[PDB]
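Colleague: Just one file: my_file-v4.cif, with mmCIF, N, CA, C and O atoms.
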```cif
data_entry
#
loop_
_atom_site.label_atom_id
_atom_site.label_comp_id
_atom_site.auth_asym_id
_atom_site.auth_seq_id
_atom_site.Cartn_x
_atom_site.Cartn_y
_atom_site.Cartn_z
N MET A 1 -14.59 62.22 37.68
CA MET A 1 -15.38 63.16 38.46
C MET A 1 -14.59 64.43 38.75
O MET A 1 -14.03 64.59 39.83
N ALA A 2 -14.54 65.33 37.77
CA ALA A 2 -13.84 66.60 37.90
C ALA A 2 -14.57 67.63 37.05
O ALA A 2 -15.71 67.42 36.61
N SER A 3 -13.92 68.77 36.82
CA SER A 3 -14.51 69.82 36.00
C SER A 3 -14.65 69.40 34.54
O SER A 3 -15.38 70.07 33.80
N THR A 4 -13.98 68.33 34.11
CA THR A 4 -14.14 67.87 32.74
C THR A 4 -15.46 67.16 32.53
O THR A 4 -15.91 67.01 31.40
N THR A 5 -16.11 66.73 33.61
CA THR A 5 -17.39 66.05 33.52
C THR A 5 -18.56 67.01 33.54
O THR A 5 -19.69 66.59 33.83
N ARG A 6 -18.34 68.29 33.23
CA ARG A 6 -19.41 69.28 33.21
C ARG A 6 -19.39 70.07 31.90
O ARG A 6 -19.82 71.22 31.87
N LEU A 7 -18.90 69.46 30.83
CA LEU A 7 -18.77 70.17 29.56
C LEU A 7 -20.06 70.16 28.76
O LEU A 7 -20.40 71.16 28.13
N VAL A 8 -20.78 69.04 28.75
CA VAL A 8 -22.02 68.96 27.97
C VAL A 8 -23.06 69.92 28.53
O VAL A 8 -23.73 70.64 27.78
N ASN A 9 -23.23 69.93 29.85
CA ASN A 9 -24.17 70.87 30.46
C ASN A 9 -23.73 72.31 30.24
O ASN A 9 -24.57 73.20 30.04
N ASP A 10 -22.42 72.56 30.28
CA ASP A 10 -21.92 73.89 29.99
C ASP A 10 -22.32 74.30 28.58
O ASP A 10 -22.77 75.43 28.35
N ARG A 11 -22.17 73.39 27.62
CA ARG A 11 -22.55 73.70 26.25
C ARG A 11 -24.05 73.94 26.13
O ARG A 11 -24.48 74.81 25.37
N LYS A 12 -24.86 73.17 26.86
CA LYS A 12 -26.30 73.38 26.83
C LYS A 12 -26.67 74.77 27.32
O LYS A 12 -27.44 75.50 26.68
N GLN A 13 -26.11 75.17 28.47
CA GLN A 13 -26.40 76.49 29.01
C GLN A 13 -25.91 77.58 28.06
O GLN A 13 -26.60 78.59 27.85
N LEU A 14 -24.72 77.40 27.49
CA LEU A 14 -24.20 78.39 26.56
C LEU A 14 -25.08 78.52 25.33
O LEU A 14 -25.33 79.62 24.85
N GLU A 15 -25.57 77.39 24.81
CA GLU A 15 -26.46 77.44 23.65
C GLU A 15 -27.74 78.19 23.98
O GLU A 15 -28.19 79.03 23.19
N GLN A 16 -28.33 77.91 25.13
CA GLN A 16 -29.55 78.62 25.51
C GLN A 16 -29.30 80.11 25.64
O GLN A 16 -30.08 80.94 25.15
N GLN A 17 -28.19 80.48 26.30
CA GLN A 17 -27.88 81.89 26.48
C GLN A 17 -27.65 82.59 25.15
O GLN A 17 -28.10 83.72 24.95
N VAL A 18 -26.93 81.94 24.23
CA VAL A 18 -26.68 82.54 22.93
C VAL A 18 -27.98 82.71 22.15
O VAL A 18 -28.21 83.74 21.52
N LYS A 19 -28.85 81.70 22.19
CA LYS A 19 -30.14 81.82 21.52
C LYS A 19 -30.93 82.99 22.09
O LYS A 19 -31.62 83.69 21.34
N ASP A 20 -30.84 83.21 23.40
CA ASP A 20 -31.59 84.32 24.00
C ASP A 20 -31.02 85.68 23.60
O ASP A 20 -31.77 86.58 23.21
N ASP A 21 -29.70 85.85 23.71
CA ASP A 21 -29.18 87.19 23.45
C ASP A 21 -29.05 87.47 21.96
O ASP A 21 -28.80 88.61 21.58
N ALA A 22 -29.22 86.45 21.11
CA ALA A 22 -29.34 86.71 19.69
C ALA A 22 -30.72 87.22 19.30
O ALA A 22 -30.89 87.71 18.18
N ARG A 23 -31.70 87.11 20.20
CA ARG A 23 -33.04 87.58 19.93
C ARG A 23 -33.43 88.80 20.74
O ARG A 23 -34.36 89.51 20.34
N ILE A 24 -32.77 89.07 21.86
CA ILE A 24 -33.10 90.28 22.62
C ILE A 24 -32.76 91.52 21.81
O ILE A 24 -33.48 92.52 21.84
N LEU A 25 -31.66 91.47 21.06
CA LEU A 25 -31.16 92.64 20.35
C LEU A 25 -31.69 92.74 18.93
O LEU A 25 -31.70 93.83 18.35
N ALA A 26 -32.15 91.63 18.36
CA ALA A 26 -32.63 91.64 16.98
C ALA A 26 -33.77 92.63 16.81
O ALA A 26 -34.65 92.75 17.66
N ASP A 27 -33.74 93.36 15.69
CA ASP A 27 -34.74 94.38 15.44
C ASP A 27 -36.12 93.77 15.21
O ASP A 27 -36.25 92.64 14.73
N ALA A 28 -37.15 94.53 15.56
CA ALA A 28 -38.53 94.11 15.38
C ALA A 28 -39.09 94.82 14.15
O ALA A 28 -39.39 96.02 14.20
N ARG A 29 -39.25 94.07 13.06
CA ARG A 29 -39.77 94.60 11.81
C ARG A 29 -41.03 93.81 11.47
O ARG A 29 -40.95 92.65 11.07
N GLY A 30 -42.18 94.45 11.65
CA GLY A 30 -43.44 93.77 11.38
C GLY A 30 -43.77 93.75 9.90
O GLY A 30 -43.49 94.69 9.16
N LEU A 31 -44.37 92.65 9.47
CA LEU A 31 -44.76 92.48 8.07
C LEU A 31 -46.18 92.98 7.85
O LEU A 31 -46.92 93.27 8.79
N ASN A 32 -46.55 93.07 6.58
CA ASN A 32 -47.87 93.52 6.17
C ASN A 32 -48.73 92.32 5.82
O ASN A 32 -48.37 91.53 4.94
N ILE A 33 -49.86 92.19 6.50
CA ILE A 33 -50.75 91.04 6.30
C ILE A 33 -51.44 91.17 4.95
O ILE A 33 -51.98 92.24 4.61
N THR A 34 -51.42 90.10 4.17
CA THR A 34 -52.07 90.06 2.87
C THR A 34 -52.63 88.67 2.65
O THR A 34 -52.54 87.79 3.51
N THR A 35 -53.23 88.46 1.47
CA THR A 35 -53.87 87.20 1.10
C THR A 35 -54.95 86.82 2.11
O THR A 35 -54.89 85.79 2.78
N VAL A 36 -55.95 87.70 2.20
CA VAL A 36 -57.13 87.47 3.09
C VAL A 36 -58.37 87.54 2.18
O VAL A 36 -58.58 88.61 1.57
N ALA A 37 -59.14 86.46 2.08
CA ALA A 37 -60.29 86.37 1.20
C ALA A 37 -61.18 85.25 1.69
O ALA A 37 -60.79 84.45 2.54
N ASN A 38 -62.39 85.20 1.14
CA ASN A 38 -63.37 84.17 1.49
C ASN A 38 -63.25 83.08 0.44
O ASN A 38 -63.83 83.17 -0.65
N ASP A 39 -62.50 82.04 0.76
CA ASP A 39 -62.26 80.92 -0.14
C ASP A 39 -62.39 79.59 0.60
O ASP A 39 -61.54 78.71 0.50
N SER A 40 -63.46 79.44 1.37
CA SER A 40 -63.69 78.25 2.17
C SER A 40 -65.09 77.70 1.92
O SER A 40 -65.83 77.39 2.85
N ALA A 41 -65.46 77.59 0.65
CA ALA A 41 -66.76 77.04 0.31
C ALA A 41 -66.82 75.55 0.62
O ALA A 41 -65.80 74.86 0.67
N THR A 42 -68.03 75.06 0.84
CA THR A 42 -68.27 73.65 1.13
C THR A 42 -69.22 73.07 0.09
O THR A 42 -70.29 73.63 -0.17
N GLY A 43 -68.82 71.95 -0.50
CA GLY A 43 -69.62 71.28 -1.50
C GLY A 43 -70.51 70.21 -0.92
O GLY A 43 -70.82 70.19 0.27
N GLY A 44 -70.92 69.29 -1.79
CA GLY A 44 -71.80 68.20 -1.42
C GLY A 44 -72.99 68.12 -2.36
O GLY A 44 -73.20 68.97 -3.22
N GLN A 45 -73.77 67.06 -2.17
CA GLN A 45 -74.94 66.82 -2.99
C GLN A 45 -76.16 67.50 -2.38
O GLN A 45 -76.31 67.57 -1.16
N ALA A 46 -77.03 68.01 -3.25
CA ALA A 46 -78.22 68.73 -2.82
C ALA A 46 -79.26 67.76 -2.27
O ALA A 46 -79.04 66.55 -2.20
N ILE A 47 -80.41 68.30 -1.88
CA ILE A 47 -81.50 67.47 -1.39
C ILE A 47 -82.48 67.12 -2.49
O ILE A 47 -82.85 65.96 -2.67
N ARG A 48 -82.91 68.12 -3.27
CA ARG A 48 -83.74 67.91 -4.45
C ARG A 48 -85.04 67.19 -4.10
O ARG A 48 -85.26 66.02 -4.44
N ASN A 49 -85.89 67.90 -3.37
CA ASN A 49 -87.16 67.33 -2.93
C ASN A 49 -87.96 66.80 -4.11
O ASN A 49 -88.05 67.43 -5.16
N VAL A 50 -88.54 65.62 -3.92
CA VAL A 50 -89.35 64.99 -4.94
C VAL A 50 -90.81 65.24 -4.60
O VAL A 50 -91.19 65.44 -3.44
N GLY A 51 -91.66 65.21 -5.62
CA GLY A 51 -93.07 65.41 -5.43
C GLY A 51 -93.84 65.55 -6.72
O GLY A 51 -93.35 65.26 -7.81
N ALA B 554 -90.73 30.99 -10.54
CA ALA B 554 -90.66 29.60 -10.98
C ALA B 554 -89.29 29.31 -11.58
O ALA B 554 -88.85 30.01 -12.50
N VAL B 555 -88.63 28.28 -11.07
CA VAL B 555 -87.38 27.78 -11.62
C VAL B 555 -87.48 26.27 -11.76
O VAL B 555 -88.30 25.62 -11.11
N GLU B 556 -86.65 25.71 -12.64
CA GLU B 556 -86.59 24.27 -12.77
C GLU B 556 -85.52 23.70 -11.85
O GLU B 556 -84.66 24.42 -11.32
N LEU B 557 -85.56 22.38 -11.65
CA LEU B 557 -84.71 21.76 -10.65
C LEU B 557 -83.23 21.87 -11.01
O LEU B 557 -82.40 22.14 -10.14
N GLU B 558 -82.89 21.65 -12.28
CA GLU B 558 -81.48 21.61 -12.66
C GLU B 558 -80.81 22.97 -12.48
O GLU B 558 -79.66 23.04 -12.03
N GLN B 559 -81.51 24.06 -12.81
CA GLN B 559 -80.92 25.38 -12.64
C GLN B 559 -80.66 25.68 -11.17
O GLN B 559 -79.59 26.19 -10.81
N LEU B 560 -81.63 25.37 -10.31
CA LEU B 560 -81.44 25.60 -8.88
C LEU B 560 -80.31 24.75 -8.33
O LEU B 560 -79.51 25.21 -7.50
N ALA B 561 -80.21 23.49 -8.77
CA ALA B 561 -79.13 22.63 -8.32
C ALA B 561 -77.77 23.17 -8.75
O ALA B 561 -76.82 23.18 -7.96
N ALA B 562 -77.66 23.62 -10.00
CA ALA B 562 -76.40 24.19 -10.46
C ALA B 562 -76.05 25.45 -9.68
O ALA B 562 -74.89 25.66 -9.32
N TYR B 563 -77.04 26.29 -9.39
CA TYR B 563 -76.79 27.49 -8.61
C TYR B 563 -76.30 27.14 -7.21
O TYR B 563 -75.36 27.77 -6.70
N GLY B 564 -76.92 26.15 -6.58
CA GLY B 564 -76.51 25.78 -5.23
C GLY B 564 -75.13 25.14 -5.19
O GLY B 564 -74.34 25.42 -4.28
N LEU B 565 -74.83 24.28 -6.16
CA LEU B 565 -73.55 23.57 -6.15
C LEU B 565 -72.38 24.53 -6.29
O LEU B 565 -71.37 24.39 -5.59
N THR B 566 -72.49 25.51 -7.19
CA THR B 566 -71.40 26.45 -7.41
C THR B 566 -71.32 27.52 -6.34
O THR B 566 -70.37 28.31 -6.35
N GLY B 567 -72.29 27.58 -5.42
CA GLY B 567 -72.24 28.57 -4.35
C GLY B 567 -72.29 30.00 -4.84
O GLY B 567 -71.57 30.85 -4.31
N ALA B 568 -73.13 30.28 -5.82
CA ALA B 568 -73.21 31.62 -6.39
C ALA B 568 -73.98 32.56 -5.48
O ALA B 568 -74.86 32.14 -4.72
N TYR B 569 -73.66 33.85 -5.58
CA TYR B 569 -74.33 34.89 -4.83
C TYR B 569 -74.53 36.10 -5.74
O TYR B 569 -73.72 36.32 -6.65
N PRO B 570 -75.58 36.88 -5.52
CA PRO B 570 -75.77 38.09 -6.33
C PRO B 570 -74.66 39.10 -6.07
O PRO B 570 -74.12 39.19 -4.97
N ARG B 571 -74.33 39.86 -7.11
CA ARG B 571 -73.24 40.82 -7.04
C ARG B 571 -73.53 41.99 -7.95
O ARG B 571 -74.02 41.82 -9.07
N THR B 572 -73.22 43.20 -7.47
CA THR B 572 -73.45 44.41 -8.24
C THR B 572 -72.39 45.44 -7.90
O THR B 572 -71.74 45.37 -6.85
N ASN B 573 -72.22 46.40 -8.80
CA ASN B 573 -71.27 47.48 -8.61
C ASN B 573 -71.91 48.86 -8.60
O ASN B 573 -71.18 49.86 -8.51
N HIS B 574 -73.23 48.95 -8.68
CA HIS B 574 -73.89 50.24 -8.58
C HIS B 574 -73.87 50.74 -7.15
O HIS B 574 -73.66 49.99 -6.19
N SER B 575 -74.05 52.06 -7.02
CA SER B 575 -74.04 52.68 -5.67
C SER B 575 -75.47 52.70 -5.12
O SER B 575 -76.41 52.43 -5.88
N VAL B 576 -75.60 53.03 -3.84
CA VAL B 576 -76.90 53.07 -3.18
C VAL B 576 -77.76 54.21 -3.73
O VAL B 576 -78.96 54.02 -3.98
N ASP B 577 -77.17 55.39 -3.93
CA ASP B 577 -77.97 56.57 -4.24
C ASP B 577 -78.77 56.42 -5.53
O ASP B 577 -79.85 56.99 -5.65
N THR B 578 -78.24 55.67 -6.50
CA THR B 578 -78.96 55.51 -7.76
C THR B 578 -80.28 54.78 -7.56
O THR B 578 -81.31 55.16 -8.12
N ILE B 579 -80.27 53.72 -6.74
CA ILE B 579 -81.49 52.95 -6.53
C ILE B 579 -82.53 53.78 -5.79
O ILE B 579 -83.72 53.76 -6.14
N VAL B 580 -82.11 54.52 -4.76
CA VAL B 580 -83.08 55.34 -4.04
C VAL B 580 -83.57 56.48 -4.92
O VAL B 580 -84.72 56.91 -4.80
N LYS B 581 -82.73 56.96 -5.84
CA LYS B 581 -83.20 57.96 -6.80
C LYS B 581 -84.27 57.38 -7.71
O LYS B 581 -85.26 58.05 -8.02
N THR B 582 -84.08 56.14 -8.16
CA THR B 582 -85.10 55.50 -8.99
C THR B 582 -86.40 55.31 -8.21
O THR B 582 -87.49 55.53 -8.75
N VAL B 583 -86.31 54.89 -6.95
CA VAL B 583 -87.51 54.72 -6.14
C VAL B 583 -88.22 56.05 -5.95
O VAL B 583 -89.45 56.14 -6.02
N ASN B 584 -87.45 57.12 -5.72
CA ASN B 584 -88.04 58.44 -5.61
C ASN B 584 -88.72 58.84 -6.91
O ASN B 584 -89.78 59.48 -6.89
N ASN B 585 -88.13 58.49 -8.05
CA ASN B 585 -88.75 58.79 -9.33
C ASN B 585 -90.09 58.07 -9.47
O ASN B 585 -91.07 58.65 -9.96
N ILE B 586 -90.15 56.81 -9.05
CA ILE B 586 -91.41 56.07 -9.11
C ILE B 586 -92.46 56.75 -8.24
O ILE B 586 -93.62 56.95 -8.66
N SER B 587 -92.09 57.11 -7.02
CA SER B 587 -93.04 57.76 -6.12
C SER B 587 -93.51 59.09 -6.70
O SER B 587 -94.69 59.44 -6.59
N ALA B 588 -92.59 59.84 -7.31
CA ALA B 588 -92.96 61.12 -7.91
C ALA B 588 -93.94 60.93 -9.06
O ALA B 588 -94.91 61.69 -9.18
N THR B 589 -93.71 59.94 -9.91
CA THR B 589 -94.63 59.72 -11.02
C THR B 589 -95.98 59.21 -10.55
O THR B 589 -96.98 59.40 -11.25
N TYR B 590 -96.05 58.55 -9.39
CA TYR B 590 -97.36 58.20 -8.86
C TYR B 590 -98.06 59.42 -8.28
O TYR B 590 -99.27 59.62 -8.49
N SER B 591 -97.32 60.25 -7.55
CA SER B 591 -97.91 61.42 -6.93
C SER B 591 -98.40 62.42 -7.96
O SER B 591 -99.42 63.09 -7.75
N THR B 592 -97.70 62.55 -9.09
CA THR B 592 -98.15 63.46 -10.14
C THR B 592 -99.50 63.04 -10.68
O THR B 592 -100.41 63.87 -10.84
N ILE B 593 -99.66 61.75 -10.98
CA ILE B 593 -100.94 61.27 -11.48
C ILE B 593 -102.02 61.45 -10.43
O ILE B 593 -103.16 61.81 -10.75
N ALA B 594 -101.69 61.19 -9.17
CA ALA B 594 -102.68 61.36 -8.11
C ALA B 594 -103.15 62.81 -8.03
O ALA B 594 -104.35 63.07 -7.91
N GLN B 595 -102.22 63.76 -8.12
CA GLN B 595 -102.60 65.16 -8.08
C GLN B 595 -103.46 65.54 -9.28
O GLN B 595 -104.45 66.26 -9.13
N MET B 596 -103.09 65.05 -10.47
CA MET B 596 -103.88 65.36 -11.66
C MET B 596 -105.30 64.82 -11.51
O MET B 596 -106.27 65.53 -11.81
N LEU B 597 -105.44 63.58 -11.04
CA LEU B 597 -106.76 63.00 -10.87
C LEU B 597 -107.57 63.78 -9.85
O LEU B 597 -108.75 64.06 -10.07
N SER B 598 -106.95 64.15 -8.73
CA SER B 598 -107.68 64.88 -7.70
C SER B 598 -108.10 66.26 -8.17
O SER B 598 -109.14 66.77 -7.74
N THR B 599 -107.31 66.90 -9.03
CA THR B 599 -107.63 68.24 -9.48
C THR B 599 -108.48 68.28 -10.74
O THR B 599 -108.93 69.37 -11.12
N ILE B 600 -108.71 67.15 -11.41
CA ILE B 600 -109.46 67.12 -12.65
C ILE B 600 -110.71 66.25 -12.54
O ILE B 600 -111.82 66.70 -12.81
N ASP B 601 -110.55 64.99 -12.14
CA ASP B 601 -111.60 63.99 -12.31
C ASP B 601 -112.37 63.72 -11.03
O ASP B 601 -113.59 63.53 -11.10
N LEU B 602 -111.72 63.77 -9.87
CA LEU B 602 -112.32 63.35 -8.61
C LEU B 602 -113.67 64.02 -8.37
O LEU B 602 -113.75 65.24 -8.25
N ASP B 603 -114.73 63.22 -8.32
CA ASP B 603 -116.08 63.72 -8.10
C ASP B 603 -116.97 62.58 -7.64
O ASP B 603 -117.00 61.51 -8.27
#
```
Once you've parsed the file, please lay out its structure as structure tokens.
Modeller:
Amino acid sequence: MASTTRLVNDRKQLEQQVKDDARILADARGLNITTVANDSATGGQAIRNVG
Amino acid sequence: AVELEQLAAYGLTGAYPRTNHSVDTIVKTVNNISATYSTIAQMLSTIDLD
């Protein structure tokens, strides 16, 4: 029970902080949206009324 | 009409009817029968009925 028993939590906090400041400064470069089309047809068997 | 020996053989072996066709084919055939009756009925009503 000393300062050596606080290393794992220290690493957790350090990891979270590094993940945050690695993204605050990263540049924002937006991409161009493409591949948009109507390709969601639905199949099945017809009714074919008899008479 | 069946004879006794055939029925006895069928019962002893515990046979049951079995098929591999799907449902839709049979209902399609029944629809075809109904259609061929309705066609004749329409022809008779539009030509001969008097």
Colleague: If we count only N, CA, C and O atoms, what is near range 580-590 of chain B at a cut-off of 8 Å, once residues fewer than 5 positions away on the same chain are taken out, given as a PDB file with N, CA, C and O atoms, in the coordinates of the input?
Modeller:
```
ATOM      1  N   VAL A  50     -88.540  65.620  -3.920  1.00  0.00           N
ATOM      2  CA  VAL A  50     -89.350  64.990  -4.940  1.00  0.00           C
ATOM      3  C   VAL A  50     -90.810  65.240  -4.600  1.00  0.00           C
ATOM      4  O   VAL A  50     -91.190  65.440  -3.440  1.00  0.00           O
ATOM      5  N   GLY A  51     -91.660  65.210  -5.620  1.00  0.00           N
ATOM      6  CA  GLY A  51     -93.070  65.410  -5.430  1.00  0.00           C
ATOM      7  C   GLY A  51     -93.840  65.550  -6.720  1.00  0.00           C
ATOM      8  O   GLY A  51     -93.350  65.260  -7.810  1.00  0.00           O
TER       9      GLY A  51
ATOM     10  N   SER B 575     -74.050  52.060  -7.020  1.00  0.00           N
ATOM     11  CA  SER B 575     -74.040  52.680  -5.670  1.00  0.00           C
ATOM     12  C   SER B 575     -75.470  52.700  -5.120  1.00  0.00           C
ATOM     13  O   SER B 575     -76.410  52.430  -5.880  1.00  0.00           O
ATOM     14  N   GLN B 595    -102.220  63.760  -8.120  1.00  0.00           N
ATOM     15  CA  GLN B 595    -102.600  65.160  -8.080  1.00  0.00           C
ATOM     16  C   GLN B 595    -103.460  65.540  -9.280  1.00  0.00           C
ATOM     17  O   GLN B 595    -104.450  66.260  -9.130  1.00  0.00           O
ATOM     18  N   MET B 596    -103.090  65.050 -10.470  1.00  0.00           N
ATOM     19  CA  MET B 596    -103.880  65.360 -11.660  1.00  0.00           C
ATOM     20  C   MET B 596    -105.300  64.820 -11.510  1.00  0.00           C
ATOM     21  O   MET B 596    -106.270  65.530 -11.810  1.00  0.00           O
ATOM     22  N   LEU B 597    -105.440  63.580 -11.040  1.00  0.00           N
ATOM     23  CA  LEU B 597    -106.760  63.000 -10.870  1.00  0.00           C
ATOM     24  C   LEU B 597    -107.570  63.780  -9.850  1.00  0.00           C
ATOM     25  O   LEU B 597    -108.750  64.060 -10.070  1.00  0.00           O
TER      26      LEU B 597
END
```
Colleague: One number please: CA of residue 556 in chain B to atom N of residue 574 in chain B, in Å, one decimal.
Modeller: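 Separation of CA of residue 556 in chain B and atom N of residue 574 in chain B: 28.4 Å.
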Colleague: Using DSSP on the backbone coordinates, identify all residues within chain B classified as helix (DSSP H, G or I); present the result as a ChimeraX atom specification.
Modeller: /B:557-566,576-600
Colleague: Would you put the residues from that selection into a file with N, CA, C and O atoms, as a compact mmCIF listing (two decimals), in the frame of the given file?
Modeller:
```txt
# COMPACT_ATOMS: atom_id res chain seq x y z
N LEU B 557 -85.56 22.38 -11.65
CA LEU B 557 -84.71 21.76 -10.65
C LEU B 557 -83.23 21.87 -11.01
O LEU B 557 -82.40 22.14 -10.14
N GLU B 558 -82.89 21.65 -12.28
CA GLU B 558 -81.48 21.61 -12.66
C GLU B 558 -80.81 22.97 -12.48
O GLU B 558 -79.66 23.04 -12.03
N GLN B 559 -81.51 24.06 -12.81
CA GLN B 559 -80.92 25.38 -12.64
C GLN B 559 -80.66 25.68 -11.17
O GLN B 559 -79.59 26.19 -10.81
N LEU B 560 -81.63 25.37 -10.31
CA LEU B 560 -81.44 25.60 -8.88
C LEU B 560 -80.31 24.75 -8.33
O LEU B 560 -79.51 25.21 -7.50
N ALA B 561 -80.21 23.49 -8.77
CA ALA B 561 -79.13 22.63 -8.32
C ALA B 561 -77.77 23.17 -8.75
O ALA B 561 -76.82 23.18 -7.96
N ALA B 562 -77.66 23.62 -10.00
CA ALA B 562 -76.40 24.19 -10.46
C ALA B 562 -76.05 25.45 -9.68
O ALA B 562 -74.89 25.66 -9.32
N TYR B 563 -77.04 26.29 -9.39
CA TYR B 563 -76.79 27.49 -8.61
C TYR B 563 -76.30 27.14 -7.21
O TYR B 563 -75.36 27.77 -6.70
N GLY B 564 -76.92 26.15 -6.58
CA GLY B 564 -76.51 25.78 -5.23
C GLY B 564 -75.13 25.14 -5.19
O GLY B 564 -74.34 25.42 -4.28
N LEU B 565 -74.83 24.28 -6.16
CA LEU B 565 -73.55 23.57 -6.15
C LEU B 565 -72.38 24.53 -6.29
O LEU B 565 -71.37 24.39 -5.59
N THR B 566 -72.49 25.51 -7.19
CA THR B 566 -71.40 26.45 -7.41
C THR B 566 -71.32 27.52 -6.34
O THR B 566 -70.37 28.31 -6.35
N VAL B 576 -75.60 53.03 -3.84
CA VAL B 576 -76.90 53.07 -3.18
C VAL B 576 -77.76 54.21 -3.73
O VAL B 576 -78.96 54.02 -3.98
N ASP B 577 -77.17 55.39 -3.93
CA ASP B 577 -77.97 56.57 -4.24
C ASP B 577 -78.77 56.42 -5.53
O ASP B 577 -79.85 56.99 -5.65
N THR B 578 -78.24 55.67 -6.50
CA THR B 578 -78.96 55.51 -7.76
C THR B 578 -80.28 54.78 -7.56
O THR B 578 -81.31 55.16 -8.12
N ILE B 579 -80.27 53.72 -6.74
CA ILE B 579 -81.49 52.95 -6.53
C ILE B 579 -82.53 53.78 -5.79
O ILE B 579 -83.72 53.76 -6.14
N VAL B 580 -82.11 54.52 -4.76
CA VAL B 580 -83.08 55.34 -4.04
C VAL B 580 -83.57 56.48 -4.92
O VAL B 580 -84.72 56.91 -4.80
N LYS B 581 -82.73 56.96 -5.84
CA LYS B 581 -83.20 57.96 -6.80
C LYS B 581 -84.27 57.38 -7.71
O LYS B 581 -85.26 58.05 -8.02
N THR B 582 -84.08 56.14 -8.16
CA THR B 582 -85.10 55.50 -8.99
C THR B 582 -86.40 55.31 -8.21
O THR B 582 -87.49 55.53 -8.75
N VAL B 583 -86.31 54.89 -6.95
CA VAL B 583 -87.51 54.72 -6.14
C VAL B 583 -88.22 56.05 -5.95
O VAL B 583 -89.45 56.14 -6.02
N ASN B 584 -87.45 57.12 -5.72
CA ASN B 584 -88.04 58.44 -5.61
C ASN B 584 -88.72 58.84 -6.91
O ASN B 584 -89.78 59.48 -6.89
N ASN B 585 -88.13 58.49 -8.05
CA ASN B 585 -88.75 58.79 -9.33
C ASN B 585 -90.09 58.07 -9.47
O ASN B 585 -91.07 58.65 -9.96
N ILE B 586 -90.15 56.81 -9.05
CA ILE B 586 -91.41 56.07 -9.11
C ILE B 586 -92.46 56.75 -8.24
O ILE B 586 -93.62 56.95 -8.66
N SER B 587 -92.09 57.11 -7.02
CA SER B 587 -93.04 57.76 -6.12
C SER B 587 -93.51 59.09 -6.70
O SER B 587 -94.69 59.44 -6.59
N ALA B 588 -92.59 59.84 -7.31
CA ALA B 588 -92.96 61.12 -7.91
C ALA B 588 -93.94 60.93 -9.06
O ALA B 588 -94.91 61.69 -9.18
N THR B 589 -93.71 59.94 -9.91
CA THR B 589 -94.63 59.72 -11.02
C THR B 589 -95.98 59.21 -10.55
O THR B 589 -96.98 59.40 -11.25
N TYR B 590 -96.05 58.55 -9.39
CA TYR B 590 -97.36 58.20 -8.86
C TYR B 590 -98.06 59.42 -8.28
O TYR B 590 -99.27 59.62 -8.49
N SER B 591 -97.32 60.25 -7.55
CA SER B 591 -97.91 61.42 -6.93
C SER B 591 -98.40 62.42 -7.96
O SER B 591 -99.42 63.09 -7.75
N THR B 592 -97.70 62.55 -9.09
CA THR B 592 -98.15 63.46 -10.14
C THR B 592 -99.50 63.04 -10.68
O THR B 592 -100.41 63.87 -10.84
N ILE B 593 -99.66 61.75 -10.98
CA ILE B 593 -100.94 61.27 -11.48
C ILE B 593 -102.02 61.45 -10.43
O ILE B 593 -103.16 61.81 -10.75
N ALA B 594 -101.69 61.19 -9.17
CA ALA B 594 -102.68 61.36 -8.11
C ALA B 594 -103.15 62.81 -8.03
O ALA B 594 -104.35 63.07 -7.91
N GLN B 595 -102.22 63.76 -8.12
CA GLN B 595 -102.60 65.16 -8.08
C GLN B 595 -103.46 65.54 -9.28
O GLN B 595 -104.45 66.26 -9.13
N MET B 596 -103.09 65.05 -10.47
CA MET B 596 -103.88 65.36 -11.66
C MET B 596 -105.30 64.82 -11.51
O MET B 596 -106.27 65.53 -11.81
N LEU B 597 -105.44 63.58 -11.04
CA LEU B 597 -106.76 63.00 -10.87
C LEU B 597 -107.57 63.78 -9.85
O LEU B 597 -108.75 64.06 -10.07
N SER B 598 -106.95 64.15 -8.73
CA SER B 598 -107.68 64.88 -7.70
C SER B 598 -108.10 66.26 -8.17
O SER B 598 -109.14 66.77 -7.74
N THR B 599 -107.31 66.90 -9.03
CA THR B 599 -107.63 68.24 -9.48
C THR B 599 -108.48 68.28 -10.74
O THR B 599 -108.93 69.37 -11.12
N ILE B 600 -108.71 67.15 -11.41
CA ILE B 600 -109.46 67.12 -12.65
C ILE B 600 -110.71 66.25 -12.54
O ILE B 600 -111.82 66.70 -12.81
```
Colleague: Just how far from CA of residue 578 in chain B is atom O of residue 49 in chain A, in Å to one decimal?
Modeller: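 According to the coordinates, atom O of residue 49 in chain A and CA of residue 578 in chain B are separated by 15.2 Å.
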Colleague: Quick check, in Å to one decimal: how far apart do CA of residue 579 in chain B and CA of residue 564 in chain B lie?
Modeller: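 Separation of CA of residue 579 in chain B and CA of residue 564 in chain B: 27.7 Å.
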